[PDB]
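In the block that follows, a single chain appears as structure tokens, in the form deposited in one PDB entry.
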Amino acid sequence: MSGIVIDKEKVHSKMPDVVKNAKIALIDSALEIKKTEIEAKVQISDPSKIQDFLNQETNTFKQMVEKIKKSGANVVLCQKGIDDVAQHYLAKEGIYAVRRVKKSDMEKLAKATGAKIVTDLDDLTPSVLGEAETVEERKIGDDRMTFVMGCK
């Protein structure tokens, strides 16, 4: 596809404007921390270990987020939200990230670029990535969208 338009913009300003030869990651699941799960770990914690836990979780999440960079990807389109700090990590890692991409677009992009839409970020092997000549921010009218061109 010498074109697929996504009506969603890259999440951070400090993110790349154009991405040449993009390996694209497709995640079904939100790049976020599960409330119920960390509340419970806080609840079952030894009172003197509360901060240890919050710190171990700050590391565990950042690691979950780095599995994108480590799988080689330089573009990530998430079907759901992306935690704000997670958005920071990717902006630093220089990755083009998009959140809340419609399910239809996720599938449309899956076929077009050849990626496999994962949910569990551990199955994020560099084989499930998609490819495209360029991925760019584009502003039509007052919408900031993302063009996925040269779909391979």
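From 1 onward, residues are counted along the sequence shown. What we label the rigid core is the largest C-alpha set whose atoms superpose within 1.5 Å from one form to the other.
There is also a form deposited in another entry; it is not shown, and the following applies to it.
Student: Scan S48, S127, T119, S104 for the one whose CA shifts by 2 Å or more between this form and the one not shown after superposing the rigid core, and name it.
Tutor: So the residue whose C-alpha moves 2 Å or more is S48.
Student: Is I38 one of the residues whose Cα moves 2 Å or more between this form and the one not shown, with the core superposed?
Tutor: True for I38: a C-alpha shift of 2 Å or more.
Student: Does the distance between the two CA positions of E57 reach 2 Å or more between this form and the one not shown, the core being superposed?
Tutor: The answer is yes, as the C-alpha of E57 shifts between this form and the one not shown by 2 Å or more after core alignment.
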